[PDB]
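Enquirer: so I pulled this structure from the PDB, and the sequence comes with it:
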Amino acid sequence: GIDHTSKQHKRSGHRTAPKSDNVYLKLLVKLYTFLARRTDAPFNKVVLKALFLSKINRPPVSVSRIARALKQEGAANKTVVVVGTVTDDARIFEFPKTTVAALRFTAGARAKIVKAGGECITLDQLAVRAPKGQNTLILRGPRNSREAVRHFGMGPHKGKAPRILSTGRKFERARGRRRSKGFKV
Amino acid sequence: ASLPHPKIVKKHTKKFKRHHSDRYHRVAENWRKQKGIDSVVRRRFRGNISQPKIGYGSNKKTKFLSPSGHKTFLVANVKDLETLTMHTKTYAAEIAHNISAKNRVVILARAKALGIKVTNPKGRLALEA
Amino acid sequence: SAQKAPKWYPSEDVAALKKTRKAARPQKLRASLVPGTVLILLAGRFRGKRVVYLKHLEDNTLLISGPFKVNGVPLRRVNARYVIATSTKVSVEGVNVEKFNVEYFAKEXXXXXXXXXXXXXXXXXXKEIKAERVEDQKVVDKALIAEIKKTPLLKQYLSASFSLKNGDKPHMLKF
RNA sequence: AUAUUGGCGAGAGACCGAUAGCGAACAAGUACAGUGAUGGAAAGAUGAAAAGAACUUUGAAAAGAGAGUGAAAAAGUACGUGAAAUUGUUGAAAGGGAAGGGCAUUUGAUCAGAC
RNA sequence: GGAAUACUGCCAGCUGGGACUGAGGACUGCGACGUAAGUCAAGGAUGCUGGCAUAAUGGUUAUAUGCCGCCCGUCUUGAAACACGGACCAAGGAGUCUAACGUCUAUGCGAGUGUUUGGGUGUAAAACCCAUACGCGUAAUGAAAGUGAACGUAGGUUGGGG
RNA sequence: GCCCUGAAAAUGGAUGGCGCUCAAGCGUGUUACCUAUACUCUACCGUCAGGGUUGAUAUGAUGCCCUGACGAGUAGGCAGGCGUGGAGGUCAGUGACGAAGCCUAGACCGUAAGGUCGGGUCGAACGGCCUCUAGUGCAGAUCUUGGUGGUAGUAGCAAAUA
RNA sequence: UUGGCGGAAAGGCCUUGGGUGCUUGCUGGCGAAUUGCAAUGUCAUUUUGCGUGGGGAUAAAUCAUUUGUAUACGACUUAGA
Ligand SMILES: [Mg+2]
Ligand SMILES: [Mg+2]
Ligand SMILES: [Mg+2]
Ligand SMILES: [Mg+2]
Ligand SMILES: [Mg+2]
Ligand SMILES: [Mg+2]
Ligand SMILES: [Mg+2]
Ligand SMILES: [Mg+2]
Ligand SMILES: [Mg+2]
Ligand SMILES: [Mg+2]
Ligand SMILES: [Mg+2]
Ligand SMILES: [Mg+2]
Ligand SMILES: [Mg+2]
Ligand SMILES: [Mg+2]
Ligand SMILES: [Mg+2]
Ligand SMILES: [Mg+2]
Ligand SMILES: [Mg+2]
Ligand SMILES: [Mg+2]
Ligand SMILES: [Mg+2]
Ligand SMILES: [Mg+2]
Ligand SMILES: [Mg+2]
Ligand SMILES: [Mg+2]
Ligand SMILES: [Mg+2]
Ligand SMILES: [Mg+2]
Ligand SMILES: [Mg+2]
Ligand SMILES: [Mg+2]
Ligand SMILES: [Mg+2]
Ligand SMILES: [Mg+2]
Ligand SMILES: [Mg+2]
Ligand SMILES: [Mg+2]
Ligand SMILES: [Mg+2]
Ligand SMILES: [Mg+2]
Ligand SMILES: [Mg+2]
Ligand SMILES: [Mg+2]
Ligand SMILES: [Mg+2]
Ligand SMILES: [Mg+2]
Ligand SMILES: [Mg+2]
Ligand SMILES: [Mg+2]
Ligand SMILES: [Mg+2]
Ligand SMILES: [Mg+2]
Ligand SMILES: [Mg+2]
Ligand SMILES: [Mg+2]
Ligand SMILES: [Mg+2]
Ligand SMILES: [Mg+2]
Ligand SMILES: [Mg+2]
């Protein structure tokens, strides 16, 4: 037989196609999967892997996080691609013009960007303008801010958050959380 | 009456009866994998019965092909029969077991006109005989 | 529907074969066989008889006489591998042989309606021979027979049939 | 305005379909057991209509054989369909302290594709 | 003094016999022989001929013969066991529903979100429509009284897809 | 070194047996030979990986095609499937010119779960596909209810005078 | 056909004498094909049933009945024209 130096038939960890049944979503793939083939343009490969992600890994990108990136030196006229949803923010005021191509815009977010004289584009109108993806800025949402991960790797002295239903002083504040009662963590 | 195709080799022709299906009457002949911990079948001792497994797979070119070199597509009535018209060198119409003696003469007679192989040409129609 | 109509069906176009590279070269006979050599027929109707080798035909067979007026084997085709060639020899020089080709030996075309109808119903339907063959058998023989009267005992030899006796170990016997 | 596994009256159902569903689809809280408190079953389907087999014959008689009713008696009040264990008859086969199975072929039986 | 032979090795030296396989299906490639057109053993089998079409080949099945094959389930380090259950057959027969939750995935909307307690209406337990609240979220932290998140383009450094 | 004495166990008895004595014994050496699911080569099945292609140009883009590697498995995890009762949709599906059920060392499809046809019986309803739902798949539990064997024409049918 | 020999399981082995076929010891004359280029290309020896023609011979056993030298029952042993 063989001596196997690694596990056999082991399939790559990666999503090869969106686990969603959304018809229109699978269309988008059909487009970009063809572009990833017939252009070099590392950009297109990035988008294709992006379409596949689960909703947890396509966290919302604020409007203000777009505004921030357009203030990076020399970036003014770049068009910013977000695969995922763009959302509104009430916190910024004076908003630049530009263009933003995304999977989804919430209503407020769309009204925010057009009222500034800008433009809202889908992923395909993005491919017609930029087949290679010329002059485009790809952004990602802050995926470690998600609530659930406050609990990850929970363990002594890890500074992580106990999974718990309701918080008051009678809940897990006593023995092992302070030196007066037993020890501290 | 068909496309040429490679020669069909079934590669295992025994039926794979269940272990001990012969010995006890309560045990039916449909296959079932022996799950037991001591089992001499599950462990593959020499001279015990074969187990079905994917290696006995049939060639993709000839799979679902009848000996006549056809696939057999089940047909309930005259308007079904007419879905096969193009593929007449590929698929061979079978007539559904429950069709009446009277409607079969109409299926057969209409499939003669289209040149389609019927795989059970003598139904209750030779039963009129 | 008794069964739901499939989503594909294949194309009924039957693809042509690839251009094959095989050339039909000339067959090369083994060393032993030379025109005039005496042969031993190893199967068939005349199996066991010893016979005389004339020409090598286009279809890779061997033209044969024997000759007929001796051992009663006619002109005939024989496949090269069904023979044992002996080391003894007669001169085929004065023999024509230039006439006989593959077409000459062509069997009469058999009919599928007549070979069922005349074979089954009449089992007494009798064979006949083309007057031609029987004459061109004569011609061959009168040259051959005249040569066979040169060497002693040869005439008896060809008429007498060959077989293995006890203790005969064919991997030994020289022939 | 809230409750409601009881009582009376209606309406339903992605519920069960006679070993299920109430214990109980039927003369069931019956028959039957126990001193008693209690315990507590089995059991639906001939056919559209009994038209449920006159009459002949054999037997002491049940019955049998014919006959006839019937679309059907391969529906005969042992009754729709009628599985398996198990059993009888006929047929085929084999058999020196079990039988049965796997690989391969001979012999016999048998059968599809063929065009 | 002169050779020969054995032994070990090489040949992009030559030839005879034998058995198994024939995948693929237009052409694309690498080559070879050629003065030349072209041919070839060069990215996988074709050419010639015979018998039979008819139970013959093949399938199934009974049987014989060679060789192999302990009785299944189960606990056990270890079961053919002188460990346990199993005479036989049919029907029944064992990870379910709910309250609250975790990770993951899907869908909606998105700094918001959740119509269905209730009200409106209705082809009536459906479907459709809706006020105010309330839940969870948008702020933490302390036992508490209590305080409550921009020196800087929301900072510097090192990587970092695009 | 070999061989012998030393050397005694219970049913009959075990270099596996037969039997072998310049061996068919022991020591050694040289070749030839037999044979595994191992190795090599080819075909086919599946899995994984890397890659090509709807560019206007018929019938699957979860598709077609190319190349390579790999394939033991209890407890256990995941994936694709077959089967059953009911539900929404659909084939203007099948049916008294025979629906379902049962029978069949008759045929075909599938690695298999099973599916399909033919014949016999039978007499009123029933399937394919896309989805929904579950009281959804049996060989075992000294399982539960009913039915029936071997045992077996056997044990037995013998107190109280006839 | 004349004689002999063979009891280990002899079922055969020699021999006299004539009849009859063949004789490749030698010398000749005719025939063979087409079974088509190979297909065991069938010839052997075992029983058993019928059929023609001739020779031949012309019985027993069991049950039932019966004895008791025997006996669980069969079996055994006797007798009966
Ligand atoms: Mg391997
Ligand atoms: Mg099969
Ligand atoms: Mg074990
Ligand atoms: Mg109530
Ligand atoms: Mg009940
Ligand atoms: Mg009592
Ligand atoms: Mg009944
Ligand atoms: Mg009635
Ligand atoms: Mg009837
Ligand atoms: Mg009964
Ligand atoms: Mg009754
Ligand atoms: Mg009945
Ligand atoms: Mg039975
Ligand atoms: Mg050498
Ligand atoms: Mg080929
Ligand atoms: Mg040239
Ligand atoms: Mg055969
Ligand atoms: Mg053995
Ligand atoms: Mg133990
Ligand atoms: Mg065991
Ligand atoms: Mg023991
Ligand atoms: Mg125990
Ligand atoms: Mg027991
Ligand atoms: Mg000793
Ligand atoms: Mg011994
Ligand atoms: Mg010894
Ligand atoms: Mg040994
Ligand atoms: Mg030995
Ligand atoms: Mg030795
Ligand atoms: Mg791939
Ligand atoms: Mg495995
Ligand atoms: Mg089905
Ligand atoms: Mg149910
Ligand atoms: Mg039916
Ligand atoms: Mg059966
Ligand atoms: Mg259950
Ligand atoms: Mg069951
Ligand atoms: Mg059972
Ligand atoms: Mg089990
Ligand atoms: Mg039991
Ligand atoms: Mg009993
Ligand atoms: Mg008794
Ligand atoms: Mg009594
Ligand atoms: Mg007694
Ligand atoms: Mg008494």
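Expert: Looks like it arrived, so ask away. Residues are numbered from 1 along each chain as shown, chains lettered A, B, ... in the order given. Ligands and ions are numbered 1, 2, ... in the order given.
Enquirer: just give the number of residues close to the residue of chain B found nearest RNA strand E.
Expert: Relative to RNA strand E, the nearest point of chain B is residue B:36 (1.9 Å; Cβ to the nearest atom of the strand). (C-beta placed from N, C-alpha, C; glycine too.) Using other Cβ atoms under 10 Å in any protein chain shown, residue B:36 has 11 neighbouring residues.
Enquirer: which SS class is the nearest residue to residue A:82 once chain neighbours are set aside?
Expert: Nearest non-adjacent residue to residue A:82, counting by Cβ to Cβ, 6 or more residues apart in numbering or on different chains: residue A:102, 4.2 Å away. With DSSP: H, G, I helix; E, B strand; the rest coil as the basis, residue A:102 sits in strand.
Enquirer: before we move on, the earlier item: and the closest residue to the residue of chain B closest to RNA strand E other than its chain neighbours, how many neighbours?
Expert: Computed as Cβ to Cβ, 6+ apart, the closest residue to residue B:36 that is not its neighbour in sequence is residue B:42, at 6.4 Å. Neighbour count of residue B:42, defined by other Cβ under 10 Å: 15.
Enquirer: got the contact list for residue B:42?
Expert: B:33, B:34, B:35, B:36 (Cβ atoms under 8 Å, 6 or more residues apart in numbering or on different chains).
Enquirer: one more: residue B:48?
Expert: By Cβ under 8 Å, 6+ apart, the neighbours of residue B:48 are B:19, B:40, B:41.
Enquirer: now the second one: how far from RNA strand F?
Expert: Residue B:40 sits 11 Å away from RNA strand F, going by Cβ to the nearest atom of the strand, to the nearest Å.
Enquirer: tell me the contacts of that residue?
Expert: Residue B:40 makes contact with residue B:48 under the criterion Cβ under 8 Å, 6+ apart.
Enquirer: before we move on, the earlier item: looking at the contacts of residue B:48, which is nearest residue C:6?
Expert: Lowest distance from residue C:6 to those (Cβ to Cβ) belongs to residue B:19, with 36.5 Å.
Enquirer: what sits against that closest one?
Expert: Neighbours of residue B:19 in contact, by Cβ under 8 Å, 6+ apart: B:34, B:39, B:41, B:48, B:49.
Enquirer: give me the neighbour count for the residue of chain B found nearest RNA strand F.
Expert: Across chain B, the shortest distance to RNA strand F (Cβ to the nearest atom of the strand) belongs to residue B:57, at 2.1 Å. Residues near residue B:57, counting by other Cβ under 10 Å, number 10.
Enquirer: state the distance from the residue lying farthest from the centre of chain B to residue B:50.
Expert: Relative to the centre of chain B, and counting by Cα atoms, centre = their mean, the farthest-placed residue is residue B:38 at 35.4 Å. Per Cβ to Cβ, to the nearest Å, residue B:38 is found 19 Å from residue B:50.
Enquirer: quick one on the thing from earlier: the residue of chain B closest to RNA strand E: which element?
Expert: Assigned by DSSP states H and E, residue B:36 falls within no helix or strand.
Enquirer: for chain C, what spans make up the helices?
Expert: C:68-71, C:114-120, C:131-148, C:154-159 (DSSP state H).
Enquirer: just chain B next, same as before
Expert: Taking DSSP H as the test, the helices found in chain B are B:101-114.
Enquirer: near RNA strand D, which residues of chain B show up?
Expert: Applying Cβ under 7 Å from any atom of the strand, one finds that chain B approaches RNA strand D through B:1, B:14, B:17, B:22-23, B:25, B:47-50, B:67-68, B:117, B:119.
Enquirer: if I look at the residue of chain B closest to RNA strand E, how far off is residue C:96?
Expert: According to Cβ to Cβ, residue B:36 stands 85 Å off from residue C:96.
Enquirer: same check, this time on residue C:45
Expert: Distance, residue C:45 to residue C:96, using Cβ to Cβ: 26 Å.
Enquirer: again with residue B:14
Expert: Applying Cβ to Cβ to residue B:14 and residue C:96 gives a distance of 64 Å.
Enquirer: now do residue C:155
Expert: Residue C:155 is 22 Å from residue C:96, where distance means Cβ to Cβ.
Enquirer: cool, residue A:86 as well?
Expert: 103 Å.
Enquirer: more crowded one of those two?
Expert: Between residue A:86 and residue C:96, residue A:86 has the larger neighbour count (other Cβ under 10 Å), namely 27 against 13.
Enquirer: okay, now the residue lying closest to residue B:15 once chain neighbours are set aside: neighbour count?
Expert: Residue nearest to residue B:15 in three dimensions, not counting chain neighbours: residue B:29, with 7.8 Å by Cβ to Cβ, 6+ apart. Residue B:29 has 11 neighbours, counted by other Cβ under 10 Å.
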